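Okay, structure first, notes after.
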Amino acid sequence: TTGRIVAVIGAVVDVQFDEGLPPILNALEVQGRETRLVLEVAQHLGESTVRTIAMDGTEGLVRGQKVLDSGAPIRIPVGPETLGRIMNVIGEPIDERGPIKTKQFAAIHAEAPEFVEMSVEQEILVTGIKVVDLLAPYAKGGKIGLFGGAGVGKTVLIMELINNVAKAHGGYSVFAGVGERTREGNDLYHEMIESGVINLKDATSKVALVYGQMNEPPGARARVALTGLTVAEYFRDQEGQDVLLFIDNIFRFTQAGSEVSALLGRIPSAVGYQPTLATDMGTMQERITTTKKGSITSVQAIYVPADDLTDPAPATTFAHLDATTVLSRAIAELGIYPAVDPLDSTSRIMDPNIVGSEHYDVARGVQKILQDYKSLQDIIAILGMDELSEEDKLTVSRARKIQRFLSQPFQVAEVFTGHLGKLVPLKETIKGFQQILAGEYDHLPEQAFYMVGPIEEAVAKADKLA
Amino acid sequence: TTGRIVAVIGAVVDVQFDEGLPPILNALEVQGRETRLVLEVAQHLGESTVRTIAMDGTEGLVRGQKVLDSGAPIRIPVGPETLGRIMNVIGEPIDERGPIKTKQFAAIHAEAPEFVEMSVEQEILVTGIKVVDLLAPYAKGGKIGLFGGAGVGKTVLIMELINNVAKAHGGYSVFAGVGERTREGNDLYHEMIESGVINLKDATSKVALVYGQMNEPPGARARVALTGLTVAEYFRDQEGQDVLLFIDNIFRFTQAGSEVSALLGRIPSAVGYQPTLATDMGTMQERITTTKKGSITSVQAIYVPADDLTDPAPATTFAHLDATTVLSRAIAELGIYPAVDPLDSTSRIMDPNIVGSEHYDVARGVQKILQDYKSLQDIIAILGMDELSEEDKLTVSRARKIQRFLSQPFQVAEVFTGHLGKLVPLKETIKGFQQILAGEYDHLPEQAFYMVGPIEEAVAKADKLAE
Amino acid sequence: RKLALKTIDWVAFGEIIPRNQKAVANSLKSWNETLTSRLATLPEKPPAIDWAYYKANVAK
Amino acid sequence: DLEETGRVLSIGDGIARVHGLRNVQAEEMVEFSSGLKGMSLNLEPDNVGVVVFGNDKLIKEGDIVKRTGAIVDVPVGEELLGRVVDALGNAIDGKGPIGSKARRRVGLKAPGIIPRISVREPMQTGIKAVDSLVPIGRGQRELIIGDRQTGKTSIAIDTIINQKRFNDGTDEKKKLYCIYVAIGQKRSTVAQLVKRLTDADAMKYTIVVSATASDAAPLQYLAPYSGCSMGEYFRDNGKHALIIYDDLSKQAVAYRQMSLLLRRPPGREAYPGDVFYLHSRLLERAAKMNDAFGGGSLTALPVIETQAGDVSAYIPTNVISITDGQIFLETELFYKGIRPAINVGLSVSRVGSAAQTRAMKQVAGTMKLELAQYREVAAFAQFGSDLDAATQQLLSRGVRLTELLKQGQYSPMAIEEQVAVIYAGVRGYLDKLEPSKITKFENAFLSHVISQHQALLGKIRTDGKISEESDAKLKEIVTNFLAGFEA
Amino acid sequence: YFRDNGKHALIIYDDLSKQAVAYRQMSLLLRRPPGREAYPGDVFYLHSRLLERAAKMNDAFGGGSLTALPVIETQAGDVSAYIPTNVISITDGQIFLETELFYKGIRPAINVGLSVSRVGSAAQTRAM
Amino acid sequence: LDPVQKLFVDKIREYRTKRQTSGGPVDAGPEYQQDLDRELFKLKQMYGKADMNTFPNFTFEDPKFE
Amino acid sequence: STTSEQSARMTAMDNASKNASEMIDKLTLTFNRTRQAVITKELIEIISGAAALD
């Protein structure tokens, strides 16, 4: 039926529906709007007034104006024909390759798959990035949440991975530009086209694009994630698929939530927070999975709000993580791209278990050495390491070398780097550390280890240095 | 009057009292209560509605439910019959030894006795605990804060004090295990039974146990403090006794208050603490006294939240305190037991007259040296630790000895330690330090001094160590 | 299987005046220990199957 | 029906302001038309604030809210063992229903002083460090405090697995019924976890109460209490249960939220105040009873995950103030590898000895002490580099001891073994060797003793203590083992 | 408009810090709660919404552009400062100016290291 | 299996009619058959693609230490 | 030897103390910021708790 704008305060549209008054989450389409101006019901405030959230923007809405409940959640086109396609939140192709001829629609609430239904045997998704695999190994189906500072090649990295990985992949991928720079999406577009992974004579790209960019109005950004989940479930469950799901950025989901919270007349938790950050998270998270019916290998961009992790939001998030990617600005400041800090960037699935102890141990020595080093830099910060034990000096330097050795060129961003990408299979990875660890290497320059590919390249470089 | 539960919003029971109201602070009994639900009146919200405070759990209650005002504030069993009894807030035999055949009831709002009533002089209470007396000479009747944050044998120490003291005097006790772990109260229980200082065959001890553990309505828990006070005042003056009043933990009281404060509509000020923080304390501490007709030597265990005393609450607390024991968790981390903060553990009432100058000076010198020593710390952490200048070494070591000597065995946590606790009456102590001060034992070295009672034992210990 | 048994004897190890095995014994004992632990670990037996009842609960 | 039915006055947020239901029982669990349950927290004069257990896209206003007429109880039994349940006591293991068809009130308050008897039993985990240095007893409460997946959980798990041998004992002194509260823990994690237990099949004596990440907030909230009732059950049946609350931290968050939704104010740390009461009361219910109650126990391992080691994190502060000690886990050692990663200089069982076996006491007292200096000798005359043999020994020894307590991820053990190996180092017998070989040795030593000195093991276990003879048995054995390690 | 009208227009937004502030003020006066940096959050939406409107268009739009030179004025270079983060994550690089050199005189004084154009990776003259 | 007789009579009656048919227990339905075949695949992955109608067998070895 | 040393120590003390100086500076930011942060959070808590008292 129809409702009246009784109050518009931003995208919180207070609608008095009397005529019906459907449940919450019923999508309403506003009468008097050329736009498919969805408000999705948020509260039944009573008085058969609901608080709705326009997903969309508003304006030009004379109050009282008639809104006709569309009566259900966002139902959105589904089917494989979404691959390639960039659809907006409301599922309309914003690839604008005409429309999409769906198969069905889906309510963009999708739920938690069952505990009993899960198959849950984490297996490394390898990446060929030394630093990654080794330190922050990724698991097939895994949810990796990419904490990372702004612009730190955070995006770059994810992309870079996407190339490396999504190519190799056999399952599909979904790219959800949530709240993303449209621009970056443009850019993205063009690589994808270019790459032909989005091959456009293929709505059967390996990747479906859903974009609900930065520009959207909040609601749209808030909800678009849920949408994305719904899609991927389509591909997994329905189409089998191991999805790689790129989310840039779940933070904006969060953001959106909090932003509305106020307007949702809430007591908005700390910092203004949506307290329903939590519920949101759960409710999302549980949709996220890697069922028996496949994988949503979940690449979740997580902007680290104010790069505070301490920040409840990430704090919560961690619980849901399985692989954590912390890009570390400090490191970034050390110039390094890779900029990760793996004492932070950790993966539940990083285990002597899941990824070998070699990895673990070689790492444990590393993690250790670094950990110690980390301890040291500060005393050293004053003292230098000067009157401080040489073995330490060695080790420190080694730790660092190892650090440097982790620095790895970007093939994608050869423009950016200058440097020409490197990708290193595991063995040479192991080898590398084991060697450096062997001190075998160490008679060498630190910077030799910089921006290497395999250790050879460091060797090569050593010569090239000295 | 009669009330209706008009709102139960959590355990905040707003009662609309129907037949009028009862005055403020009236204890109300809910009609339809298997375990009478004492409500403490807090505001007459108006409309013959009061905001009341549940002093029980509010489960099962029908809204509207009928309340009959007890016509007074909380009135509680009082009488000698409380000796060797565990009473709850409402006096109840939570000894579980049948009802207390108390011979008096009292409204637990006891108030501030008058200015004039206060014994203007006290005499240092000697604890025989070297450190204690030495730095914070306690006065009989004094208000002692045991600041100390958590766990550090704190309670153990406290208990031990009780051993040392309460036994040793005709001084009576009130122990209020408020908010404490029911478990620890249990443990504690057994100790008294065991000690026979809770001797039950003659029910009497000399001791009231008042317990208001961390599973009780905060207001109630808050009020268990008043309860004990009310009782003790009775013993203090009326029974004439120096009652020793153990409160564990007045912080939690405050806290209990704060938790409710919100709910009480008071905006619980900074750090969350109730805005009434001042009044709560003020009235309480001012309710507390050692008058002329008796003493409540008041030993208040004070948890130091986060070891932050600058935490407004402790900060306030301090005002009331006249002897402070600030136990230093760092020192505790330095392993000690004496774990105390010493250069903070004071009594403003240390005197060259009253503690005599000897004591006084010794303390001051000592305090000084420790303070000095502290200064030396600044060199050493990064610049040497069996290493730099030497005169300072001399002091360093001396301080260090002093430290060790300051350490004294725990006397029940011998169970844990195997160290038999020790105690040193004052002169041997003062002297003790003077000898050390006299730098006598310099041929002698440190660890011999550790964890001793009198110095000989250290001398002895040296010998054992020369092997 | 089932297999019987001789204890360590370090005196033995060193001596082997068949020189071509001198190293081997030191290593070979340690290979042994691999078996020693491994055998001590496992039991001999699983259970078996009550096919009658499982036939009741398998329609095939 | 009537009256004690309501029409949903307003709904949003699973917070049903409910018109009607007025003569309602405080904290009555109510029942939805949807069949969802809710809880009547706030009886406001003109509505009932009802937390809806489920979620409200599934409902709408004016809807009949019917009382259930029950203040929460949860099914109780012990047919929870071998079960993963939700708070309402329903399969989520999805293994058909549970056999726990008794129900028992959650809101049942903690007993008195008198129905308790304090500890004097140890409680064992197989974790050397734990059992030794913060030796724990049963009925207790102790904080597992640490950050994330440090095998965050692992700690509990291995302990539980360890209890397997005890559950393979036929005791009820060590035969320990394990209760795992999962708060906020995504199903996946949980799944793994379940699986872990399954694999270990320690699950058979185990309830796993699971409020994963999912769950509408009260659900996670409730779960502990639930677990609690369920645990009190054993406790009163003389049975010794161990409940792990993992973690209230997440709960609190939710709860605050719950409060906030109750339009109650964010208290300290934006957390409301009687979340203290909340847990405090919750936690008071963990106990070691006296004999009248079968002596039973509910041993509590609450877990709190600090965020950035923040303990002044209000609730941690609280919990600490509750705790009978805390098991502090540090990262560093972890990063160093070293698991234990603990700072025992920050981990405590105040208790110490009630919680012990004489056996353990015999090495551990000394060791603790020794470690104390050892750790200490990192700080006086060292911040990181210097030399002298006396003390070097202490270090060496210490380092060894470190290993010796160093007990990697996954490790259920039995105490005498632990003592056994510990004894070797304590009694200075391997000091020599490098850490690397310790472990190896330890293992080796273990099959050796296991086999051979099974005799001996029999004894030590038996004596609860190592007799001097058994010691001697060690002395030669160890020496020889070492020798064998060569020789 | 210019952008749609093929023009490459340059807008220098000078500087949003004050705006954000202003807005914050507005918010607060609107008695809308904040969080971070005492700001609320949709100053982020603000900025995003603002800046997405800066773009380089295809031909259909005359190829036009609106090139944005936003200015954000740091105050004591707090990258850390959220709002700066905001914009940073929005922008396509940043020109951090370091004071000291300026202060030394050094006209100009850039923090070169930070002065970056991420999306800049090719966008100037072969010559250069 | 069975409760409320007033509905139940008819409802249960229809269920038995199912069993009393052998063009399926009254019918089957494509939808089920599609999922069955899928789910059948997956659980073979769950416990490996050997066929446990047969059991394993092993092989044997030795070497000389010295 | 000693001469060399003494100047080196002298030198050593020079660098360090400068080093010290910058670090202080860095902290000082962190300071205020957090300093305010407190306040802020707290003010938040006030305002909120004053918009949400019983």
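Labeling convention for the structure tokens: chains A, B, ... as they appear, residues from 1 per chain, ligands from 1 in order of appearance.
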
- Could you pull the residues within 8 Å of residue E:52, counting only C-alpha atoms, minus those fewer than 5 positions along the same chain, as an MDAnalysis selection string? chainID A and resid 181:183 214:215

Output C-alpha atoms for every residue in the selection just made, as a PDB file, in the first residue's frame.
```pdb
ATOM      1  CA  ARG A 181      36.261   5.588  -5.121  1.00  0.00           C
ATOM      2  CA  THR A 182      34.293   5.439  -8.278  1.00  0.00           C
ATOM      3  CA  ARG A 183      37.479   6.590  -9.766  1.00  0.00           C
ATOM      4  CA  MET A 214      31.678   6.205  -2.172  1.00  0.00           C
ATOM      5  CA  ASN A 215      29.250   8.616  -3.646  1.00  0.00           C
TER       6      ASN A 215
END
```

- Item | Residues near residue D:31, cut-off 7 Å, only C-alpha atoms, skip fewer than 2 positions along chain, as an NGL selection string | :D and (29 or 33 or 35-38 or 65-68)

Contacts of residue C:2 within 12 Å, only C-alpha atoms, excl. fewer than 3 positions in-chain, as a PDB file with N, CA and C atoms, in the first residue's frame:
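So the final result, stored in selection-v5.pdb, reads:
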```pdb
ATOM      1  N   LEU C   5      63.280 -57.773  21.400  1.00  0.00           N
ATOM      2  CA  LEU C   5      63.796 -56.526  21.972  1.00  0.00           C
ATOM      3  C   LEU C   5      65.147 -56.433  22.745  1.00  0.00           C
ATOM      4  N   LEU C  39      56.006 -47.326  17.748  1.00  0.00           N
ATOM      5  CA  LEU C  39      55.365 -48.540  18.209  1.00  0.00           C
ATOM      6  C   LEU C  39      54.730 -48.408  19.560  1.00  0.00           C
ATOM      7  N   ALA C  40      55.444 -47.768  20.489  1.00  0.00           N
ATOM      8  CA  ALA C  40      54.906 -47.487  21.809  1.00  0.00           C
ATOM      9  C   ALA C  40      53.614 -46.674  21.713  1.00  0.00           C
ATOM     10  N   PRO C  43      48.157 -48.580  19.455  1.00  0.00           N
ATOM     11  CA  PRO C  43      47.655 -49.927  19.625  1.00  0.00           C
ATOM     12  C   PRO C  43      47.617 -50.736  18.357  1.00  0.00           C
ATOM     13  N   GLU C  44      47.539 -52.062  18.620  1.00  0.00           N
ATOM     14  CA  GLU C  44      47.329 -53.127  17.622  1.00  0.00           C
ATOM     15  C   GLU C  44      46.024 -53.181  16.934  1.00  0.00           C
TER      16      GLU C  44
END
```

Set the cut-off to 12 Å and count only C-alpha atoms: what are the residues of chain A that reach chain B? Output as a PDB file with C-alpha atoms, in the first residue's frame.
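Final file, result33.pdb:
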```pdb
ATOM      1  CA  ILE A 379      66.697   1.012  23.568  1.00  0.00           C
ATOM      2  CA  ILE A 380      68.759   1.196  20.405  1.00  0.00           C
ATOM      3  CA  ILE A 382      68.692   5.857  22.242  1.00  0.00           C
ATOM      4  CA  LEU A 383      71.747   3.713  22.372  1.00  0.00           C
ATOM      5  CA  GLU A 387      77.521  -1.072  22.905  1.00  0.00           C
ATOM      6  CA  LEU A 388      74.830  -3.707  22.505  1.00  0.00           C
TER       7      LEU A 388
END
```

Please identify all polymer residues within 9 Å of stretch 343-348 of chain A, counting only C-alpha atoms, omitting same-chain residues fewer than 4 positions from it, and present them as a short mmCIF file (atom, residue, chain, number, x, y, z; two decimals) with C-alpha atoms, in the first residue's frame.
```cif
data_model
loop_
_atom_site.label_atom_id
_atom_site.label_comp_id
_atom_site.auth_asym_id
_atom_site.auth_seq_id
_atom_site.Cartn_x
_atom_site.Cartn_y
_atom_site.Cartn_z
CA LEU A 135 53.71 -14.39 7.06
CA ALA A 136 50.13 -13.90 6.46
CA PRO A 137 49.33 -17.07 4.59
CA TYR A 138 45.90 -17.05 3.09
CA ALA A 139 43.54 -20.00 3.12
CA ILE A 144 41.08 -12.16 5.02
CA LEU A 146 42.74 -6.25 5.06
CA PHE A 147 43.52 -3.75 7.56
CA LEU A 321 39.00 -13.07 10.83
CA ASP A 322 40.91 -15.98 9.75
CA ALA A 323 43.58 -14.11 8.09
CA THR A 324 44.27 -10.58 9.03
CA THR A 325 46.21 -8.33 6.83
CA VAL A 326 47.73 -5.47 8.60
CA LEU A 327 49.40 -3.10 6.35
CA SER A 328 51.67 -1.21 8.52
CA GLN A 367 58.89 -13.58 14.49
CA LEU A 370 61.81 -9.42 14.98
CA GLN A 371 59.95 -9.57 18.13
CA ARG D 148 43.37 -13.48 20.10
CA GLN D 149 44.09 -16.73 18.77
CA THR D 150 47.05 -17.42 20.49
CA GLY D 151 45.41 -20.68 20.16
CA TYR D 335 56.52 -14.50 19.03
#
```

- Just give me the gap between atom CA of residue B:89 and atom CA of residue B:185 in Å, one decimal is fine. 14.7 Å

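Selecting chain G residues within 10 Å of chain B and counting only C-alpha atoms yields residues 42, 43, 45, 46, 49, 50, 51, 52, 53 and 54 of chain G.
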
Rows by chain and residue number, chain B within 6 Å of chain D, shortest pair, only C-alpha atoms, as a Markdown table:
```
| residue | atom | partner | partner_atom | distance |
| --- | --- | --- | --- | --- |
| B:6 | CA | D:45 | CA | 5.7 |
| B:7 | CA | D:44 | CA | 4.7 |
| B:8 | CA | D:43 | CA | 5.0 |
| B:9 | CA | D:42 | CA | 4.4 |
| B:10 | CA | D:42 | CA | 6.0 |
| B:59 | CA | D:26 | CA | 4.5 |
| B:60 | CA | D:25 | CA | 3.9 |
| B:61 | CA | D:25 | CA | 4.3 |
| B:62 | CA | D:25 | CA | 4.5 |
| B:63 | CA | D:23 | CA | 4.8 |
| B:182 | CA | D:113 | CA | 5.8 |
| B:186 | CA | D:113 | CA | 4.9 |
| B:214 | CA | D:280 | CA | 5.8 |
| B:215 | CA | D:281 | CA | 4.3 |
| B:259 | CA | D:273 | CA | 4.3 |
| B:272 | CA | D:268 | CA | 5.0 |
| B:306 | CA | D:312 | CA | 5.8 |
| B:385 | CA | D:381 | CA | 4.4 |
```

Please, could you write that set of residues out with N, CA, C and O atoms as an mmCIF file, in the first residue's frame?
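What follows is the written file again.cif:
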```cif
data_model
loop_
_atom_site.group_PDB
_atom_site.id
_atom_site.type_symbol
_atom_site.label_atom_id
_atom_site.label_comp_id
_atom_site.auth_asym_id
_atom_site.auth_seq_id
_atom_site.Cartn_x
_atom_site.Cartn_y
_atom_site.Cartn_z
ATOM 1 N N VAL B 6 4.975 0.062 40.312
ATOM 2 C CA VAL B 6 4.422 0.685 39.165
ATOM 3 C C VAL B 6 5.350 0.496 38.039
ATOM 4 O O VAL B 6 4.970 0.532 36.874
ATOM 5 N N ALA B 7 6.622 0.325 38.375
ATOM 6 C CA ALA B 7 7.611 0.123 37.394
ATOM 7 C C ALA B 7 8.664 -0.620 38.081
ATOM 8 O O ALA B 7 8.963 -0.373 39.245
ATOM 9 N N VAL B 8 9.271 -1.542 37.347
ATOM 10 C CA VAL B 8 10.365 -2.330 37.798
ATOM 11 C C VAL B 8 11.154 -2.071 36.617
ATOM 12 O O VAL B 8 10.735 -2.317 35.509
ATOM 13 N N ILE B 9 12.293 -1.463 36.759
ATOM 14 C CA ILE B 9 13.016 -1.192 35.592
ATOM 15 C C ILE B 9 14.246 -1.624 36.171
ATOM 16 O O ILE B 9 14.770 -1.006 37.082
ATOM 17 N N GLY B 10 14.638 -2.834 35.756
ATOM 18 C CA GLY B 10 15.669 -3.574 36.398
ATOM 19 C C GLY B 10 15.253 -3.710 37.811
ATOM 20 O O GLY B 10 14.071 -3.724 38.121
ATOM 21 N N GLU B 59 12.764 -10.550 40.312
ATOM 22 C CA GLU B 59 12.107 -11.690 39.732
ATOM 23 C C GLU B 59 10.731 -12.000 40.162
ATOM 24 O O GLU B 59 10.357 -11.943 41.329
ATOM 25 N N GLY B 60 9.961 -12.440 39.175
ATOM 26 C CA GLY B 60 8.679 -13.000 39.370
ATOM 27 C C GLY B 60 7.657 -11.998 39.696
ATOM 28 O O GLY B 60 6.500 -12.336 39.887
ATOM 29 N N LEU B 61 8.052 -10.747 39.911
ATOM 30 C CA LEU B 61 7.110 -9.848 40.437
ATOM 31 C C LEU B 61 6.215 -9.268 39.450
ATOM 32 O O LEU B 61 6.593 -8.617 38.490
ATOM 33 N N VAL B 62 4.950 -9.430 39.821
ATOM 34 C CA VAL B 62 3.781 -8.913 39.236
ATOM 35 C C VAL B 62 3.928 -7.476 39.278
ATOM 36 O O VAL B 62 4.313 -6.931 40.305
ATOM 37 N N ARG B 63 3.590 -6.789 38.188
ATOM 38 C CA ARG B 63 3.670 -5.376 38.311
ATOM 39 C C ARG B 63 2.416 -4.992 38.988
ATOM 40 O O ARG B 63 1.377 -5.587 38.731
ATOM 41 N N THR B 182 31.874 -14.664 47.889
ATOM 42 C CA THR B 182 31.182 -15.520 48.795
ATOM 43 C C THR B 182 32.153 -16.563 49.203
ATOM 44 O O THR B 182 32.387 -16.789 50.376
ATOM 45 N N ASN B 186 33.789 -17.575 52.658
ATOM 46 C CA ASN B 186 33.786 -18.932 53.068
ATOM 47 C C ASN B 186 35.086 -19.276 53.616
ATOM 48 O O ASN B 186 35.198 -19.837 54.690
ATOM 49 N N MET B 214 29.410 -10.154 46.305
ATOM 50 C CA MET B 214 29.202 -9.549 45.017
ATOM 51 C C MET B 214 28.152 -10.280 44.252
ATOM 52 O O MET B 214 28.333 -10.717 43.118
ATOM 53 N N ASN B 215 26.992 -10.448 44.868
ATOM 54 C CA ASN B 215 25.930 -11.091 44.196
ATOM 55 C C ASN B 215 24.689 -10.546 44.786
ATOM 56 O O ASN B 215 23.703 -11.260 44.893
ATOM 57 N N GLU B 259 27.147 2.426 40.368
ATOM 58 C CA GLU B 259 26.428 1.603 39.438
ATOM 59 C C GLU B 259 25.004 1.946 39.408
ATOM 60 O O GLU B 259 24.331 1.866 38.387
ATOM 61 N N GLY B 272 32.843 7.785 36.068
ATOM 62 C CA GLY B 272 31.678 7.006 36.238
ATOM 63 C C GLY B 272 31.199 7.175 37.604
ATOM 64 O O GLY B 272 30.123 6.715 37.931
ATOM 65 N N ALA B 306 42.730 0.331 39.574
ATOM 66 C CA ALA B 306 43.723 0.431 38.553
ATOM 67 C C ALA B 306 44.956 1.009 39.137
ATOM 68 O O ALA B 306 45.720 1.664 38.438
ATOM 69 N N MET B 385 74.444 -1.971 37.608
ATOM 70 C CA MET B 385 73.704 -2.686 38.675
ATOM 71 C C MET B 385 74.554 -3.731 39.428
ATOM 72 O O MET B 385 74.241 -4.909 39.550
#
```

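Near chain E, counting only C-alpha atoms at 10 Å, the chain G residues are residues 29, 30, 33, 36, 37, 40, 41, 43, 44, 47 and 48 of chain G.
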
- Message: Residues of chain D were defined as contacting chain A if any atom lay at most 7 Å from it, counting only C-alpha atoms; please report them as a PyMOL selection string.
- Response: chain D and resi 9-12+57+59-61+93-94+149+185-188+191+213-214+257+260+263+270+307-308+332+335-337+385
